[PDB]
Each structure stands twice: as C-alpha cells, then as structure tokens.
Amino acid sequence: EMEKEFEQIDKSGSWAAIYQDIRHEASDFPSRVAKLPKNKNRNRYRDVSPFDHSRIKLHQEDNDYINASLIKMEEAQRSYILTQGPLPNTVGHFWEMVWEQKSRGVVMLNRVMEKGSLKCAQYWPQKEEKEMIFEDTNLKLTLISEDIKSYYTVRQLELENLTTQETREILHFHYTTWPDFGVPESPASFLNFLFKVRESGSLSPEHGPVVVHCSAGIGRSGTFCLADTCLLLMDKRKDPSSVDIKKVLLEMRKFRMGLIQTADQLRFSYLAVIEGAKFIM
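X-ray crystallography is the method the PDB entry lists for this structure, together with a resolution of 1.8600 Å.

As structure tokens, then:
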C-alpha cells in the first residue's frame, strides 16, 4: 500500500532516487514534427515536444502542428489533452484544437505571470462586453460569467465557429494559488479543484478530452492527470491498493515526455492520491 511506501521514501528521504528511476525507465519516442524549422515558433520550450505518435493534429491543411499530446488511459476510460500555455501566435490554434476535439473544459494550473515573466498568453476575455476574435482560425470567444473563489476561478465561455455559426459552452477552470516555487503544503484545495472539474462533466466520456495546461504542459498538468487517473482506478478495481502510482506515471509518459518535473511534484502526487482515497473509501 502506497501510504506505507510514502512513509518509507519520506523517512529514508529517497524521493530524488525514486524520481531518477522514473526518469531512467521513461519511454523515448520520436518528435520529428515538433523539431521541423517551420514549427520553431509554435513551441514555448525547445526541450518540451509532443511525440509524433500521440500529438494532436489541427485540421488546417497548411500546418497541422500544435504542442499538445493525447494521453489515453485505457483501463480508467479517461483521456486528456496536455498542452503548453499558448503563445501570442498560437492562441488561435489553441481554440481551434478545443473546437476540433469537442472539449467541454479547459484546466489552467498557472498564472499568466509567475516569477516576474509571462508563462502564458492571455487567451480568454477579461470582460463580458470585450469578446476576442481569432482571425487566423475564424473563432469568436465571449466571457459569459466568472465565479472567483479563494483558490480557483471558474469561467463560462461561449466559443462560436464564425464559419458555421455553431456555438458551444466551454468551462475554464483556473487554479490560481499554485505557489511560484515548490508545491502546495496541503493537497486539500487541489483535490477540491479536481472534484469541481469532475462535477462539471468536463472529464466525462460524452465529451472530447479535457484540455489541461500549465506553462510547459508537463509538471503541474502531469500532477492533475496522475491524481485523477489513480483515484478513478481505485474506484474501479476489486483491490484498490493494487494501484501503483509509479506504474501509472510511466504509462502516462508513453504519451508525453517529462510528466512530473521534480521529486517534490512526485511527493505531492502521492499525498494528493493518499488524501483523495479517504474521500473515496
């Protein structure tokens, strides 16, 4: 059981060691499309690339590339799109992807500014009366409502395909309190946030995959997917303690490189799953 494995690694201070074994066992697949010279300005970080096999393709004949991966968890029956925080020049691609994949929710785990630098473009409207038009992808986005809470904000957005005049409601879940350094002290507000996204229906199979991002789409984004998938597997299985976090993480790393960036994020992921298991048992 992971609770005992937690005490062991913690008492022995072995987190950096476990983390390095995960790094060494992780899959390595080609990312040729990401490295094409025509795609250099579509990537926020030169060392964070989607694998070719799991990359999301845009349905635009010109250039189909976005820094985004489909993570398919077959046993849990959950999919996720993990992506980088959009760049000034990829905001239109981001919303085209949301439209094409039939996503109902966007999960944002970063602030636009952290450590005095921009981690993400402002890709949604700040006021009801000031909608955004993406001329490159023929989409209009309107803020419908905004509910600001202590630890997160939920926004209802309307996305309109200007080509077909179809409209969809998108939910934006913005976790606003992840600290600039390290991880939250307690996983309580992160679990509350994760249950709110679940309650919305955004993670349900009647919709396209949820879009999850931070700045690179691998660290905080990884922690979100890892916790959700592990808690779902503990519901589904005859023996809940058959769930090995390390194995789940390695299965997810087949789909996008580098998920969980530090030994602190790994420790935090264990704590979130262990605590979340109390609310699920």
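Okay, back to it.
Engineer: I'd like a description of the overall build of the chain, backed by residues and values.
Structural biologist: The helix and strand inventory of the chain stands at 8 helices and 11 strands. Its C-alpha atoms give the chain principal-axis dimensions of roughly 55 × 40 × 40 Å. Among the 281 residues that make up the chain, the fraction classed as buried is 53%. Within the chain, contacts between residues separated by at least 24 positions form 64% of all contacts whose residues are at least 6 apart in sequence. When the accessible surface of the chain is summed, it comes to about 13300 Å², and 49% of that surface belongs to carbon and sulfur atoms. Of the side chains in the chain, 38 bear a positive and 40 a negative charge, and the two mean positions are spaced by 3 Å.

Engineer: Outline the UniProt feature "binding site: substrate" in the chain, listing residues and values.
Structural biologist: In the numbering used here, UniProt assigns the "binding site: substrate" feature to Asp180, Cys214, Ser215, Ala216, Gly217, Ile218, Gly219, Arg220 and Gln261. With sequence-adjacent residues up to four places away left out, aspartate 180 is seen in contact with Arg111, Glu114, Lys115 and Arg220. Only 2.6 Å separates the side chain of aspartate 180 from the side chain of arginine 111, close enough to count as a polar contact. Looking at the secondary structure, you find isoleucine 218 in the loop between β11 (210-213) and α6 (220-236). Those residues in contact with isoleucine 218 that sit more than four places away from it in its chain are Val48, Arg256, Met257, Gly258, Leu259, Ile260 and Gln261.

Engineer: Now, about the side chain of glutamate 96: what can you tell me, with residues and values included?
Structural biologist: In this fold, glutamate 96 is placed in helix α4 (residues 91-101). Despite its burial, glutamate 96 pairs with no opposite charge; the closest candidate is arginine 42, at 7.2 Å N-O. Beyond its immediate chain neighbours, meaning those up to four positions away, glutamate 96 contacts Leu58, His59, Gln60, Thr137 and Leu139.

Engineer: Explain helix α7 (residues 245-252) to me, and be specific about the residues and the numbers.
Structural biologist: Restricting attention to buried positions, one finds in α7 the residues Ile245, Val248, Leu249 and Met252. One face of α7 carries all of its buried residues, which in axial projection span an arc of 100 degrees. Along its buried surface, α7 packs onto α1 (2-11), α2 (15-25), β2 (65-73), α6 and α8 (263-278).

Engineer: Kindly report on the pairing of β11, identifying the contributing residues and their values.
Structural biologist: Looking down a regular strand, the side chains alternate between one sheet face and the other. Going residue by residue along β11, you find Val210 and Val212 tucked away on one face and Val211 and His213 tucked away on the opposite face as well. Inspection of the sheet shows strand β3 (residues 78-83) paired to β11 by 4 bridges, in the parallel sense. Paired with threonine 83 across the bridge in β11 is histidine 213. Bridge count between strand β4 (residues 105-108) and β11: 3 bridges; the pairing is parallel. If you follow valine 107 over to β11, its bridge partner there is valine 212.

Engineer: Break down unusual backbone geometry for me, citing the residues and quoting the values.
Structural biologist: If you check the backbone angles, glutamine 77 has positive phi at about 60 degrees while not being a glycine. Within the secondary structure, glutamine 77 is located in the loop between β2 and β3. Judged by relative accessible area, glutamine 77 falls into the exposed class, the value being 60%. Even without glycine at this site, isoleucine 260 takes up a positive phi of about 75 degrees. Secondary-structure assignment places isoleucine 260 in the loop between α7 and α8.

Engineer: Can you tell me about the sheet that holds strand β10 (residues 166-175), naming the residues and giving the values?
Structural biologist: Reading across from one edge, β1-β2-β3-β11-β4-β10-β9-β8-β7 is the order of the 9 strands in this open sheet, with mixed pairing throughout. Since the sheet does not close on itself, it has two edges, and those belong to β1 (55-57) and β7 (132-134), each with one partner. Pairwise comparison of adjacent strand axes, ignoring direction, gives a mean angle of 30 degrees for this sheet.

Engineer: So what about the environment of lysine 127? Which residues, and what values?
Structural biologist: Note that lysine 127 resides in the loop between β6 (117-118) and β7. Residues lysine 127 and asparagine 110, 17 residues apart in the sequence, show an inter-C-alpha distance of 20 Å.

Engineer: I'd like a description of the side chain of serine 69, backed by residues and values.
Structural biologist: Assignment of secondary structure puts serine 69 in strand β2. Given a relative accessible area of 0%, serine 69 falls into the buried group. Of note is the side chain of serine 69, whose polar atom sits 2.9 Å from the side chain of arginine 256. Setting aside anything within four residues of it in sequence, one finds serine 69 in contact with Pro50, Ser54, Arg55, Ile56, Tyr80, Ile81, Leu82, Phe255 and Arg256.

Engineer: Which residues make up the nonpolar core, and what are the values?
Structural biologist: Judged by nonpolar contacts, the single largest core of 59 residues is most densely connected at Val107, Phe193, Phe224, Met252, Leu266 and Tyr270. Beyond its immediate sequence surroundings of up to four residues, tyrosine 270 is in contact with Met2, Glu5, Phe6, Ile9, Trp15, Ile245 and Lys246. One finds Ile56, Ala68, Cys120 and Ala121 within the second-largest nonpolar core, a separate group that totals 25 residues.

Cut-offs applied
Residues numbered from 1 in each chain as written, not as in the entry; some residues may be left out. Heavy atoms only, no water. Helix = DSSP H or I, 4+ residues; strand = E, 2+ residues; numbered from the N terminus. Buried < 20%, exposed > 50% of the residue type's maximum accessible area, 1.4 Å probe, protein only. Contact = heavy atoms within 4.5 Å. Areas by Shrake-Rupley, 256 points an atom, 1.4 Å probe, with all protein chains shown as cover. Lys, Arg positive; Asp, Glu negative; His and termini not counted. Charge placed at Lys NZ, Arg CZ, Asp CG, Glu CD. UniProt positions renumbered as here; feature names shortened; annotations may be inferred. Polar contact = N/O pair within 3.5 Å; in protein donor to acceptor, adjacent residues only side chain to side chain. Salt bridge = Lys/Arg side-chain N within 4 Å of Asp/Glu carboxyl O. Arc of directions from axis to C-beta. Pairing = 2+ DSSP bridges. Axes fitted to C-alpha atoms, helices over the stretch in contact; angles between N-to-C directions. Core = buried A, V, L, I, M, F, W, Y, C linked by side-chain atoms within 4.5 Å.

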